Amino acid sequence: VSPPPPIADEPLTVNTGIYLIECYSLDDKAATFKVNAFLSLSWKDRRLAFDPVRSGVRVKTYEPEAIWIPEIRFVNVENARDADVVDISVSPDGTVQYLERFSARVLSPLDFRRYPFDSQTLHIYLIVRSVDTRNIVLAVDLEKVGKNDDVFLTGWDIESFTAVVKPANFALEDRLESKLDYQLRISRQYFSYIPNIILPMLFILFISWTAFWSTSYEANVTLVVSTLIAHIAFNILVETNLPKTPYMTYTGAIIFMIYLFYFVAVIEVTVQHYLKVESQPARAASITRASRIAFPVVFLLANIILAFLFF
Amino acid sequence: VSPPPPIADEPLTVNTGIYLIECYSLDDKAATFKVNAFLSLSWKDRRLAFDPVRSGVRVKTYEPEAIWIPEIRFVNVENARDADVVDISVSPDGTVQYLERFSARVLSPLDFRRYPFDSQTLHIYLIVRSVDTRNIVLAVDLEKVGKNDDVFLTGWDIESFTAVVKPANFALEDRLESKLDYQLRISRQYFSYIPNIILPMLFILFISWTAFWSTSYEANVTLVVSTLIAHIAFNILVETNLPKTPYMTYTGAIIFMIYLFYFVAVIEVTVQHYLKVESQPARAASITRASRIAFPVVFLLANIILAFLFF
Amino acid sequence: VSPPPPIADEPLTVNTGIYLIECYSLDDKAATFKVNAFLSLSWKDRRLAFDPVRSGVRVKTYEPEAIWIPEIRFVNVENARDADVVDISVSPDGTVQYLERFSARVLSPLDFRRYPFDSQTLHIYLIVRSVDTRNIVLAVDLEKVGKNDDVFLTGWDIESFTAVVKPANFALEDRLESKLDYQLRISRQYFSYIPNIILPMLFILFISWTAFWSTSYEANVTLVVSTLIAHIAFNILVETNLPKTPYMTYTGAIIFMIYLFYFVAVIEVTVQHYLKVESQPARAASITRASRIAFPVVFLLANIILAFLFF
Amino acid sequence: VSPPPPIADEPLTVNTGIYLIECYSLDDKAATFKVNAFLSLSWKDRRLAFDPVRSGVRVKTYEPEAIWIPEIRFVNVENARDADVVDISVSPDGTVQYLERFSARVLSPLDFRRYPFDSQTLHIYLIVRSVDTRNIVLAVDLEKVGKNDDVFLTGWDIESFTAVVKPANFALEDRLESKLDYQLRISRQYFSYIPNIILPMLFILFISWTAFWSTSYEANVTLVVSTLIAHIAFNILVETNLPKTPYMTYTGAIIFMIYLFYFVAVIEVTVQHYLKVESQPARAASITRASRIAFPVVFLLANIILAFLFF
Amino acid sequence: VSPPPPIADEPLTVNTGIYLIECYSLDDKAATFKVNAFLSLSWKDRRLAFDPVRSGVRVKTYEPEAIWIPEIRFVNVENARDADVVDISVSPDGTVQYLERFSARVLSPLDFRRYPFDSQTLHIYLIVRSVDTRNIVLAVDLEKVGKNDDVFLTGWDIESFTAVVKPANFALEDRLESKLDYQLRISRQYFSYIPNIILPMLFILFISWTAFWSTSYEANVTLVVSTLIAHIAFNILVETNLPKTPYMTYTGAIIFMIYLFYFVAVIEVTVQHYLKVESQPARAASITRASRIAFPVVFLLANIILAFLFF
Ligand SMILES: [Cl-]
Ligand SMILES: [Cl-]
Ligand SMILES: [Cl-]
Ligand SMILES: [Cl-]
Ligand SMILES: [Cl-]
Ligand SMILES: [Cl-]
Ligand SMILES: [Cl-]
Ligand code: NA
Ligand code: NA
Ligand code: NA
Ligand code: NA
Ligand code: NA
Ligand code: NA
């Protein structure tokens with residue numbers, strides 16, 4: 001079966017729609033997510049036109065093998081989609097209405113700069129390659145673009161599912177390709193990060209600062225070194241949920257900066273002890289008293305600077 | 001093959017049933033579970049009706065390809081089900097009795113608020129899309145809804161498997177859809193959490209409170225900081241078994257609150273030491289003696305408040 | 001093709017056999033194991049009977065599509081088995097001899113009460129569903145039940161592979177089902193647990209008891225708290241290899257009990273220090289000397305009680 | 001299609017060959033590895049014999065469906081192999097030359113006794129089941145047995161790929177089976193284990209022995225207990241890369257033995273402190289000075305004994 | 001269908017091209033990566049040649065089954081590729097233009113010597129096996145070799161995608177094989193390793209060196225032993241992201257060397273304490289003051305040596 005013939009030198013328009021049924025398995029590290037949706041297609045093929053009286057049916061149901069179906073693919077998928085044809089209906093002017101339900105693992109990069117207060121635009125690219133007989137162009141039927149109410153993605157808020165109505169028509173290997181961009185807008189549910197990572201991380205840091213109210217070097221060393229190890233544990237935990245990025249993330253910046261605070265706290269505790277041993281506790285007392293104010297103040301200001309640069 | 005014609009403008013009723021054979025792989029983080037079941041379907045096709053006297057046979061067995069079968073799908077599945085037709089039997093009046101055995105990975109969100117003392121309602125949504133010739137409606141045959149006795153789900157008690165008998169009939173892409181809700185009620189076996197997480201967590205916390213019976217700052221620092229690290233280990237272990245939720249869980253709330261108890265214990269140990277060094281051990285003794293009562297009392301009351309808010 | 005007709009109102013007996021070739025991937029947490037085996041089937045089809053003299057051949061080989069084959073399934077499988085027909089041979093009296101090689105992931109619950117000194121009976125349930133024409137019953141051909149010598153399951157000893165010869169004949173969805181139980185008896189190789197978990201766990205516990213030969217509170221606190229943290233590590237390691245059970249396991253009981261020993265050791269170390277500070281070291285010495293005997297004695301007796309209750 | 005008829009009562013010889021193209025995914029814990037190879041088969045079918053003069057062609061190419069092909073399988077595979085026929089060529093005398101490219105996951109147990117200085121023989125068992133018409137025997141064509149130069153297995157040295165030329169001919173379910181053993185000899189690249197596990201483990205152990213040059217009980221307790229915890233971490237790391245074995249491994253033996261050294265070091269540190277407190281430091285000094293020599297000497301000799309028993 | 005006949009004894013040239021659409025899942029440990037691409041093939045079949053005037057059409061479109069297509073495979077793939085034919089076009093002179101879209105998991109070893117400042121050349125080997133009728137040789141059509149702009153690989157910079165135009169023609173099992181090498185050049189984004197592993201590792205090491213400004217043995221032991229444990233954590237973290245190599249990596253070398261620095265620091269802290277106890281603090285002070293300079297100087301020089309040897 002060959003493609004439908006043109007009335008004039010016009011290309012064949014294949015109207016498309018995607019209705020999301022199930023959205024799942026957003027793998028942040030992998031930049032992959034799985035989708036289960038309806039894919040609707042519509043085009044005009046005058047070779048299948050019919051007169052109802054002779055046929056006895058107002059619309060005909062064809063099997064995919066019986067008629068010409070455009071070879072529609074997704075660009076940003078791991079493998080060819082898992083598709084099951086639901087319905088093929090032909091009107092007697094030859095307007096075909098195709099519907100399939102598919103599942104596919106989609107590849108769409110994520111921007112982690114504001115993690116875990118980040119938002120993303122997941123893309124689903126629909127494509128058709130033109131044939132030698134005719135050029136095929138994709139169009140959006142907005143009445144067939146949407147998502148189920150129950151659609152959920154663990155740890156995310158689903159904002160919108162829309163299509164950029166104008167296709168990207170270009171040449172690939174001396175043939176026209178017509179590409180459509182379907183956009184799924186999402187925003188991370190940051191809530192959990194507060195009681196699970198941010199506050200525990202702040203608690204251990206503030207615990208290290210109690211060394212500024214102690215002259216016991218041995219206790220101070222135990223305080224700063226133990227809390228540092230706990231900070232290392234949180235750093236490792238965070239980087240297991242994140243991919244390696246060629247940029248700094250918001251959380252990554254805070255985590256990194258906190259190491260500097262632990263490093264200077266160890267210097268303070270060392271300087272304090274050295275002075276005490278040298279019989280200079282008055283100078284050591286001045287440094288410890290200043291540290292009581294300096295450490296929280298510099299921590300607060302540096303965080304304001306970070307929040308400002310990132311948001 | 002076209003759908004059965006109506007006697008009047010009535011829709012086609014397809015009676016359904018699901019009998020669970022094997023239930024497994026409940027992935028809490030993923031909100032997915034796997035199912036292996038019988039799917040029974042029943043409808044009337046007058047074109048298939050026959051006289052038992054003339055034909056000789058009481059029932060006719062058909063191959064799926066030979067007759068019209070409604071296109072039944074699951075809404076909340078990752079991929080199309082793995083199905084194998086078991087039997088197709090037709091009665092003399094044209095009543096078709098269809099039976100298949102299928103396996104599918106179902107997507108059903110879980111409420112973790114009362115974790116690990118939580119109960120869940122897993123859903124299995126059956127759906128049919130209406131055709132241009134006729135409208136198709138789903139119904140429940142209660143005699144064909146059930147589960148095997150041996151059905152088990154590791155770490156859960158299976159309470160019931162029932163169906164909401166009235167379908168959700170709605171329009172999707174200008175066609176009637178008839179959706180049925182099959183509910184699998186389960187309740188978590190909390191037992192194991194007690195000796196494995198709750199009691200070990202309480203033991204380390206109570207170990208930190210021994211610092212209220214010690215004047216040794218160095219030992220106190222070792223006691224509170226070491227037990228805090230062990231609490232961090234348990235917090236990390238718990239959050240690896242749970243997804244990120246936009247709400248607080250019961251366990252999450254207790255775990256978070258325990259950090260505050262460790263934080264105040266560090267303050268007490270610091271205040272005590274500072275006073276001793278300042279030659280004020282009488283004031284320090286009053287604070288330590290009060291802490292011996294205050295810490296368990298505030299811990300007990302705060303837990304009563306939490307249990308009340310969550311249950 | 002319809003089922004063979006009865007001589008009288010007798011049911012059709014399908015003789016079965018399972019010969020294990022490869023056994024692998026026993027997932028303790030999941031209650032799943034993978035199997036690769038021969039499935040042999042035998043029944044009489046009089047319609048297929050022939051005269052050896054007239055036909056010339058002693059046996060006739062058929063393709064599955066050419067003759068009636070019973071629809072045999074496994075009850076406790078994740079998905080329908082991966083099967084490949086090896087041979088179909090028909091004898092002159094119409095006795096069909098069917099052989100296939102299959103692979104399946106089997107679901108069989110495990111009893112962890114005596115872990116890691118536990119034994120299990122893995123089940124493989126064969127089933128046939130009766131048809132409207134006739135009732136089908138399963139039987140065991142003991143000469144076709146066995147396993148390869150090389151069959152191994154990492155961390156287990158394979159004891160036996162036998163079949164319960166009498167089927168469980170019952171009604172499921174108003175049709176007779178004939179179910180056969182194939183049993184694979186296994187016993188865990190506990191060896192490794194001794195040098196890897198049990199002895200290291202005992203060593204750290206005995207290390208904590210050295211605090212009963214020390215008056216240094218700071219060293220005692222370091223001894224008991226550090227070894228407790230190591231015990232927490234072993235507890236976490238153990239529970240990662242085990243599912244969450246609504247009962248206590250043998251290892252779980254020992255692990256839990258050891259927490260109580262650490263808890264009382266912390267009390268002893270605290271009481272000892274408090275008394276020393278109060279200028280009562282003679283009373284403290286009596287408690288420490290008693291602890292030297294009490295702790296190993298109570299540990300030994302409590303273990304005898306546990307071993308008795310569990311074995 | 002039936003098997004080739006015999007000239008006399010001789011069995012049909014199917015010459016075989018396996019040429020490894022890609023070898024990957026050796027899972028030590030699972031005893032599985034994946035293979036991608038050419039499988040060559042050759043046999044004589046007199047019914048396919050032709051005159052080169054009359055036919056014109058020197059060789060005839062057939063599609064698998066057109067001629068009789070022996071049913072060849074692998075014994076120790078998880079599932080049936082993924083195969084794609086490359087070529088079927090028939091010579092004038094009726095000698096068929098079959099070639100396919102396949103991929104399979106092979107199950108072959110490993111001996112971990114000398115880990116990580118162990119060598120293994122991975123097996124690939126080829127098999128044919130005899131038919132009622134004729135008996136089929138397997139043979140090795142050594143010119144069709146080999147491996148690609150680029151063949152690599154991460155962390156291993158590939159030594160050889162050979163076949164045991166004489167098959168194991170036996171009866172399974174009253175039919176002859178002809179089994180061939182293909183052996184892939186490999187030897188572990190131990191290099192990495194030295195800087196990553198062995199030397200770090202020795203460093204922490206030697207760090208614990210510095211307690212023999214200290215009278216500070218508190219520092220000694222910190223030294224031996226901290227290094228023991230680090231040894232526990234290495235023990236856990238090692239057992240995650242290894243399956244549970246019913247025998248001792250070389251590394252397992254060294255790791256276990258090192259626990260005894262830590263245990264005796266804790267006894268020494270305890271005895272030393274007890275004596276000092278009892279005003280017996282002269283006796284304590286004799287024990288500590290002896291320990292300085294005894295610990296490295298006993299460690300060196302015990303290792304010589306272990307290396308001797310294992311190699 | 002047989003291969004095209006030669007005009008003379010010349011081999012059949014099959015022009016090839018690969019256009020990368022999606023590149024993903026680079027598993028460093030496994031030496032595997034997944035690819036989604038267009039595979040273009042072109043050859044001349046004179047038997048398919050036609051007159052444009054007589055036939056009417058300028059090009060003829062065929063279904064794969066209808067004409068002779070060369071059997072093209074990939075050498076270094078796990079399984080046979082997942083392919084879907086897009087277009088087959090025949091020009092009047094018989095020049096066939098074939099296009100398919102495929103996905104495959106490719107096996108390509110990586111050189112970790114300069115990790116994480118390493119670059120790699122991923123290989124995709126295209127191959128054709130000659131037939132008995134004719135010899136088949138592969139060629140590169142450079143106009144059909146490329147990659148999509150959007151192509152990305154998390155944690156990597158994609159440099160180029162080119163082909164070695166001259167094939168590796170060799171004999172395998174007495175038949176010509178023509179192999180083409182497609183090279184995907186990538187370079188690791190080392191950025192993240194700096195704040196996540198390198199700087200935290202340097203911070204803990206520098207924290208251990210504060211013991212050179214302290215006479216407190218107990219605090220020194222806590223400082224060096226605690227930071228060593230944190231270094232062990234980072235060593236374990238690094239080796240989980242890397243495979244076991246028979247060579248030293250850059251990071252591996254630095255990590256290993258840092259153990260020696262911790263070992264000598266423990267010796268210094270021990271020697272210092274021993275001397276103090278022996279009433280020789282003047283000699284101990286000389287060693288500690290020298291260590292303050294020696295440790296950073298030797299660390300800096302050893303790193304210059306390492307960087308020089310590795311880059
Ligand atoms: Cl697609
Ligand atoms: Cl479905
Ligand atoms: Cl089955
Ligand atoms: Cl196979
Ligand atoms: Cl391929
Ligand atoms: Cl050659
Ligand atoms: Cl050739
Ligand atoms: Na078509
Ligand atoms: Na049908
Ligand atoms: Na059949
Ligand atoms: Na300590
Ligand atoms: Na065949
Ligand atoms: Na072809």
# chains A, B, ... in the order shown; residues from 1 in each chain; ligands from 1
call {"tool": "interface_residues", "arguments": {"of": "chain E", "to": "chain D", "cutoff": "8 Å", "atoms": "only C-alpha atoms", "output": "NGL selection string"}}
result
:E and (30 or 71 or 75-79 or 132 or 173 or 217-218 or 221-222 or 225-226 or 229 or 232 or 235 or 239 or 243-248 or 256 or 259 or 263 or 266-267 or 270 or 273-274)
call {"tool": "write_last_selection", "arguments": {"atoms": "C-alpha atoms", "output": "PDB file, in the first residue's frame"}}
result
ATOM      1  CA  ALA E  30      29.493  -2.671  32.580  1.00  0.00           C
ATOM      2  CA  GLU E  71      22.329  -9.435   6.283  1.00  0.00           C
ATOM      3  CA  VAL E  75      29.687  -7.137  16.284  1.00  0.00           C
ATOM      4  CA  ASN E  76      29.769  -5.560  19.769  1.00  0.00           C
ATOM      5  CA  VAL E  77      26.108  -5.803  20.791  1.00  0.00           C
ATOM      6  CA  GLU E  78      24.525  -7.746  23.642  1.00  0.00           C
ATOM      7  CA  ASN E  79      21.613  -9.062  21.534  1.00  0.00           C
ATOM      8  CA  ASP E 132      28.750 -18.441  -1.459  1.00  0.00           C
ATOM      9  CA  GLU E 173      35.148 -19.592   9.325  1.00  0.00           C
ATOM     10  CA  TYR E 217      47.444  12.167  72.459  1.00  0.00           C
ATOM     11  CA  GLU E 218      43.747  11.313  73.024  1.00  0.00           C
ATOM     12  CA  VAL E 221      44.118   9.715  68.058  1.00  0.00           C
ATOM     13  CA  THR E 222      40.476  10.946  67.659  1.00  0.00           C
ATOM     14  CA  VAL E 225      41.451   7.800  63.250  1.00  0.00           C
ATOM     15  CA  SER E 226      38.109   9.616  62.602  1.00  0.00           C
ATOM     16  CA  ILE E 229      37.370   6.339  58.612  1.00  0.00           C
ATOM     17  CA  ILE E 232      37.604   4.855  53.931  1.00  0.00           C
ATOM     18  CA  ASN E 235      37.337   5.162  48.974  1.00  0.00           C
ATOM     19  CA  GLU E 239      35.093   2.123  43.986  1.00  0.00           C
ATOM     20  CA  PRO E 243      34.876  -1.306  37.809  1.00  0.00           C
ATOM     21  CA  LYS E 244      37.819  -3.405  39.085  1.00  0.00           C
ATOM     22  CA  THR E 245      40.763  -2.454  36.766  1.00  0.00           C
ATOM     23  CA  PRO E 246      44.086  -4.386  36.203  1.00  0.00           C
ATOM     24  CA  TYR E 247      45.789  -0.954  36.339  1.00  0.00           C
ATOM     25  CA  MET E 248      45.819   2.024  38.694  1.00  0.00           C
ATOM     26  CA  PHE E 256      45.698   4.908  47.958  1.00  0.00           C
ATOM     27  CA  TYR E 259      46.279   6.021  53.307  1.00  0.00           C
ATOM     28  CA  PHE E 263      49.580   5.767  58.461  1.00  0.00           C
ATOM     29  CA  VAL E 266      49.499   7.747  63.319  1.00  0.00           C
ATOM     30  CA  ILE E 267      53.261   6.873  63.670  1.00  0.00           C
ATOM     31  CA  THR E 270      52.463   7.588  68.605  1.00  0.00           C
ATOM     32  CA  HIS E 273      53.231  10.497  72.902  1.00  0.00           C
ATOM     33  CA  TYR E 274      55.899   7.815  73.647  1.00  0.00           C
TER      34      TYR E 274
END
call {"tool": "residues_near_ligand", "arguments": {"ligand": "ligand 10", "cutoff": "6 Å", "atoms": "only C-alpha atoms and all ligand atoms", "output": "VMD selection string"}}
result
chain C and resid 64 to 69
call {"tool": "write_last_selection", "arguments": {"atoms": "N, CA, C and O atoms", "output": "short mmCIF file (atom, residue, chain, number, x, y, z; two decimals), in the first residue's frame"}}
result
data_model
loop_
_atom_site.label_atom_id
_atom_site.label_comp_id
_atom_site.auth_asym_id
_atom_site.auth_seq_id
_atom_site.Cartn_x
_atom_site.Cartn_y
_atom_site.Cartn_z
N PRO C 64 1.88 -29.31 17.12
CA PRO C 64 0.82 -28.99 18.09
C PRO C 64 -0.52 -28.55 17.50
O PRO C 64 -1.58 -28.99 17.97
N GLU C 65 -0.47 -27.74 16.43
CA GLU C 65 -1.62 -27.19 15.70
C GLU C 65 -2.51 -28.27 15.08
O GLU C 65 -3.73 -28.10 15.02
N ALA C 66 -1.92 -29.39 14.66
CA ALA C 66 -2.62 -30.51 14.02
C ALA C 66 -3.58 -31.31 14.91
O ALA C 66 -4.54 -31.87 14.39
N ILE C 67 -3.31 -31.42 16.22
CA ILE C 67 -4.14 -32.23 17.14
C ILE C 67 -4.62 -31.48 18.40
O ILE C 67 -4.12 -30.40 18.70
N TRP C 68 -5.58 -32.09 19.14
CA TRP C 68 -6.08 -31.54 20.40
C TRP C 68 -5.04 -31.75 21.52
O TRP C 68 -4.61 -32.89 21.78
N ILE C 69 -4.62 -30.65 22.15
CA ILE C 69 -3.68 -30.65 23.26
C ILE C 69 -4.37 -29.99 24.47
O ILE C 69 -4.97 -28.92 24.31
#
call {"tool": "residues_near_ligand", "arguments": {"ligand": "ligand 6", "cutoff": "12 Å", "atoms": "only C-alpha atoms and all ligand atoms", "output": "JSON, numbers by chain"}}
result
{"E": [168, 169, 170, 171, 172, 173, 174, 175, 176, 177, 178]}
call {"tool": "atom_distance", "arguments": {"atom1": "atom CA of residue A:297", "atom2": "atom CA of residue A:261"}}
result
11.7 Å
call {"tool": "residues_near_ligand", "arguments": {"ligand": "ligand 5", "cutoff": "7 Å", "atoms": "only C-alpha atoms and all ligand atoms", "output": "number ranges by chain"}}
result
E: 72-74, 77, 80-81
call {"tool": "write_last_selection", "arguments": {"atoms": "N, CA and C atoms", "output": "PDB file, in the first residue's frame"}}
result
ATOM      1  N   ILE E  72      23.123  -7.478   7.511  1.00  0.00           N
ATOM      2  CA  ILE E  72      24.027  -6.591   8.239  1.00  0.00           C
ATOM      3  C   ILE E  72      23.859  -6.781   9.763  1.00  0.00           C
ATOM      4  N   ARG E  73      24.953  -6.962  10.481  1.00  0.00           N
ATOM      5  CA  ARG E  73      24.891  -7.100  11.947  1.00  0.00           C
ATOM      6  C   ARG E  73      25.884  -6.173  12.619  1.00  0.00           C
ATOM      7  N   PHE E  74      25.753  -6.054  13.923  1.00  0.00           N
ATOM      8  CA  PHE E  74      26.702  -5.353  14.757  1.00  0.00           C
ATOM      9  C   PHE E  74      27.476  -6.422  15.495  1.00  0.00           C
ATOM     10  N   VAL E  77      27.435  -6.000  20.217  1.00  0.00           N
ATOM     11  CA  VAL E  77      26.108  -5.803  20.791  1.00  0.00           C
ATOM     12  C   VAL E  77      25.784  -6.982  21.676  1.00  0.00           C
ATOM     13  N   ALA E  80      20.774  -9.152  19.237  1.00  0.00           N
ATOM     14  CA  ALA E  80      20.433  -8.617  17.923  1.00  0.00           C
ATOM     15  C   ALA E  80      19.652  -7.314  18.130  1.00  0.00           C
ATOM     16  N   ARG E  81      19.995  -6.270  17.362  1.00  0.00           N
ATOM     17  CA  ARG E  81      19.329  -4.976  17.462  1.00  0.00           C
ATOM     18  C   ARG E  81      17.799  -5.039  17.248  1.00  0.00           C
TER      19      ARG E  81
END
call {"tool": "residues_around", "arguments": {"residues": "stretch 301-311 of chain C", "least_positions_apart": "3", "cutoff": "10 Å", "atoms": "only C-alpha atoms", "output": "PyMOL selection string"}}
result
chain C and resi 113-115+117+248-251+253-254+257+296-298
call {"tool": "write_last_selection", "arguments": {"atoms": "N, CA, C and O atoms", "output": "short mmCIF file (atom, residue, chain, number, x, y, z; two decimals), in the first residue's frame"}}
result
data_model
loop_
_atom_site.label_atom_id
_atom_site.label_comp_id
_atom_site.auth_asym_id
_atom_site.auth_seq_id
_atom_site.Cartn_x
_atom_site.Cartn_y
_atom_site.Cartn_z
N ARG C 113 11.07 -18.46 60.30
CA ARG C 113 11.14 -18.69 61.75
C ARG C 113 12.49 -19.21 62.28
O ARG C 113 12.98 -18.72 63.29
N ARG C 114 13.08 -20.20 61.59
CA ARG C 114 14.35 -20.83 61.98
C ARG C 114 15.58 -20.29 61.24
O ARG C 114 16.67 -20.84 61.41
N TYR C 115 15.42 -19.19 60.47
CA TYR C 115 16.51 -18.56 59.71
C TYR C 115 17.77 -18.29 60.57
O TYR C 115 17.63 -17.77 61.68
N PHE C 117 18.89 -21.44 59.81
CA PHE C 117 18.91 -22.91 59.96
C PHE C 117 17.54 -23.48 59.50
O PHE C 117 17.05 -24.50 60.02
N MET C 248 8.59 -13.52 64.69
CA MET C 248 9.99 -13.34 65.02
C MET C 248 10.79 -14.48 64.37
O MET C 248 10.34 -15.63 64.38
N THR C 249 11.97 -14.15 63.80
CA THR C 249 12.88 -15.16 63.26
C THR C 249 13.88 -15.50 64.39
O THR C 249 13.95 -14.76 65.37
N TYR C 250 14.62 -16.61 64.26
CA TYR C 250 15.59 -17.02 65.26
C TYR C 250 16.71 -15.97 65.43
O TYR C 250 16.98 -15.55 66.55
N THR C 251 17.31 -15.54 64.31
CA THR C 251 18.35 -14.51 64.20
C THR C 251 17.81 -13.16 64.70
O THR C 251 18.49 -12.48 65.46
N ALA C 253 15.41 -12.65 66.85
CA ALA C 253 15.23 -12.81 68.29
C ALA C 253 16.54 -12.59 69.02
O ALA C 253 16.55 -11.86 70.00
N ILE C 254 17.63 -13.22 68.55
CA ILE C 254 18.97 -13.08 69.12
C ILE C 254 19.41 -11.63 68.97
O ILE C 254 19.82 -11.03 69.95
N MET C 257 17.42 -9.35 71.39
CA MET C 257 17.82 -9.64 72.75
C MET C 257 19.17 -8.98 73.11
O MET C 257 19.32 -8.45 74.22
N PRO C 296 27.55 -12.90 81.14
CA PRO C 296 27.71 -14.12 80.32
C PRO C 296 26.73 -15.24 80.68
O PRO C 296 26.27 -15.94 79.76
N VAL C 297 26.41 -15.42 81.99
CA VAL C 297 25.48 -16.44 82.49
C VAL C 297 24.08 -16.21 81.94
O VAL C 297 23.53 -17.12 81.32
N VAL C 298 23.54 -14.98 82.09
CA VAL C 298 22.21 -14.61 81.59
C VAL C 298 22.19 -14.70 80.05
O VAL C 298 21.19 -15.15 79.49
#
call {"tool": "select_by_dssp", "arguments": {"residues": "stretch 7-222 of chain E", "states": "alpha helix (DSSP H)", "output": "PDB file with C-alpha atoms, in the first residue's frame"}}
result
ATOM      1  CA  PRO E  52      11.343   5.477 -15.893  1.00  0.00           C
ATOM      2  CA  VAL E  53       9.465   6.181 -19.205  1.00  0.00           C
ATOM      3  CA  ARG E  54       7.827   2.668 -19.467  1.00  0.00           C
ATOM      4  CA  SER E  55       7.022   2.189 -15.720  1.00  0.00           C
ATOM      5  CA  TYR E 193      33.848  15.328  41.427  1.00  0.00           C
ATOM      6  CA  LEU E 199      37.642  18.807  48.111  1.00  0.00           C
ATOM      7  CA  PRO E 200      35.807  16.850  50.947  1.00  0.00           C
ATOM      8  CA  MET E 201      38.680  14.270  50.802  1.00  0.00           C
ATOM      9  CA  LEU E 202      41.320  17.075  51.043  1.00  0.00           C
ATOM     10  CA  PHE E 203      39.410  18.779  53.917  1.00  0.00           C
ATOM     11  CA  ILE E 204      39.380  15.631  56.132  1.00  0.00           C
ATOM     12  CA  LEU E 205      43.106  15.008  55.345  1.00  0.00           C
ATOM     13  CA  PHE E 206      44.013  18.637  56.334  1.00  0.00           C
ATOM     14  CA  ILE E 207      41.838  18.202  59.491  1.00  0.00           C
ATOM     15  CA  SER E 208      44.038  15.189  60.466  1.00  0.00           C
ATOM     16  CA  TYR E 217      47.444  12.167  72.459  1.00  0.00           C
ATOM     17  CA  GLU E 218      43.747  11.313  73.024  1.00  0.00           C
ATOM     18  CA  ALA E 219      42.563  14.227  70.787  1.00  0.00           C
ATOM     19  CA  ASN E 220      45.258  13.371  68.158  1.00  0.00           C
ATOM     20  CA  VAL E 221      44.118   9.715  68.058  1.00  0.00           C
ATOM     21  CA  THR E 222      40.476  10.946  67.659  1.00  0.00           C
TER      22      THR E 222
END
call {"tool": "select_by_dssp", "arguments": {"residues": "stretch 147-302 of chain C", "states": "strand (DSSP E)", "output": "PyMOL selection string"}}
result
chain C and resi 147+156-171+176-188
call {"tool": "atom_distance", "arguments": {"atom1": "atom CA of residue E:20", "atom2": "atom CA of residue E:121"}}
result
15.1 Å
call {"tool": "residues_around", "arguments": {"residues": "residue D:295", "least_positions_apart": "3", "cutoff": "9 Å", "atoms": "only C-alpha atoms", "output": "tab-separated table (two decimals) with C-alpha atoms, in the first residue's frame"}}
result
chain	number	residue	atom	x	y	z
D	209	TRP	CA	48.90	-2.33	67.18
D	261	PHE	CA	43.59	-10.39	66.45
D	265	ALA	CA	44.26	-6.78	71.34
D	290	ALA	CA	55.82	-9.15	74.40
D	291	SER	CA	52.68	-8.08	72.43
D	292	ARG	CA	54.86	-5.75	70.27
D	298	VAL	CA	51.64	-14.65	65.02
D	299	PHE	CA	49.94	-12.60	62.23
D	300	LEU	CA	52.76	-13.44	59.74
call {"tool": "residues_around", "arguments": {"residues": "residue A:182", "least_positions_apart": "6", "cutoff": "8 Å", "atoms": "only C-alpha atoms", "output": "list in words"}}
result
residues 123, 124, 125, 126, 161, 162, 163 and 164 of chain A
call {"tool": "atom_distance", "arguments": {"atom1": "atom CA of residue B:38", "atom2": "atom CA of residue B:149"}}
result
14.5 Å
